[PDB]
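In the entry's author numbering, the protein residues as written are 31 to 186, 195 to 230.
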């Protein structure tokens, strides 16, 4: 004959949420034969970048700044060699950390405007972070939802044989909407 029967159902919980944290590092660099002048040009770059960031809606207290990293190459432009350069190169980093995640898009689209001033910015897309830092806080209720959805398909009637739960996934909604995240989990329940 047959020795047992069971039914398995996958329940789905899916939610779009708004990222609550944007981390946006803006690197900029200068070279100079004179180190004091290198620092003066980086400081003017810094002031100009901050003024641009505030025009874009960033507040002072969202902008962090570590000491610039200077490299002494021991070079001189007077030297007639194929690799002559300025003695010093320095790189600085204005690190934006803000809950105002919807600003990122306009900062990135407009930061090219600072070429005016001779500013050379580098923004690495790999290091721009849009995070939903409440991710772990929300998982319990979405697991419960997915498990309840599974139970209701199963009703739609013995005990449970095996229950399991995938890992959560978290994806950008759109290519052009990185501040909205789509969170998903699937709970698999098997009943007799």
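All residues carry an ideal CB built from backbone N, CA and C; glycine is no exception.
- Counting C-beta atoms within 10 angstroms of its own C-beta, residue 198 has fewer than 16 neighbours from the protein chains shown and is therefore classed as exposed.
- Residue 149 and residue 76 have their C-alpha atoms spaced approximately 9 angstroms apart.
- Under the DSSP assignment, residue 61 falls in the beta strand (DSSP E) whose first and last residues are 51–62.
- Around the beta carbon of residue 79, 16 or more other beta carbons lie within 10 angstroms, which makes this residue buried.
- Ranking 105, 154, 226 by CA distance to the CA of residue 62 puts 105 first.
- Of the other Cβ atoms in all chains shown, 16 or more fall within 10 Å of the Cβ of residue 68; this residue is therefore buried.
- The beta carbon of residue 183 sits closer than 8 angstroms to the beta carbons of 39, 41 from its chain, once the five residues preceding and following it are set aside; these are given in chain order.
- When the beta-carbon positions are compared, residue 37 and residue 229 come within less than 7 angstroms of each other.
- In the three-state scheme derived from DSSP, where H, G and I count as helix and E and B as strand, residue 126 is classed as strand.
- Residue pairing from DSSP places residue 220 in a beta bridge opposite 46, 209.
- In this model, residue 81 and residue 145 are separated by some 14 angstroms (Cα to Cα).
- The C-alpha of residue 202 lies about 9 angstroms from the C-alpha of residue 177.
- Residue nearest to residue 46 within the set 169, 227, 154, 185 is 169 (criterion: CA-CA distance).
- The beta carbon of residue 107 sits closer than 6 angstroms to those of 114, all from its chain and outside the five residues before and after it, given in chain order.
- Remark: fewer than three beta-carbon pairs, one from each stretch, lie closer than 8 angstroms, so the region 152–162 and the region 95–102 are not flagged as touching.
- Short of 6 angstroms from the beta carbon of residue 51, and not among the five residues preceding or following it, lie these beta carbons of its own chain, in chain order: 161, 163.
- One thing to note: residue 53 has its Cβ no nearer than 7 angstroms to the Cβ of residue 167.
- DSSP lists no bridge partner for residue 195.
- Taking the CA atoms as reference points, residue 34 sits about 11 angstroms from residue 196.
- Taking all protein chains shown into account, residue 133 has 16 or more neighbouring C-beta atoms within 10 Å of its C-beta and is therefore buried.
- Each residue's CA atom was taken as its position, placing residue 186 and residue 157 some 47 angstroms apart.
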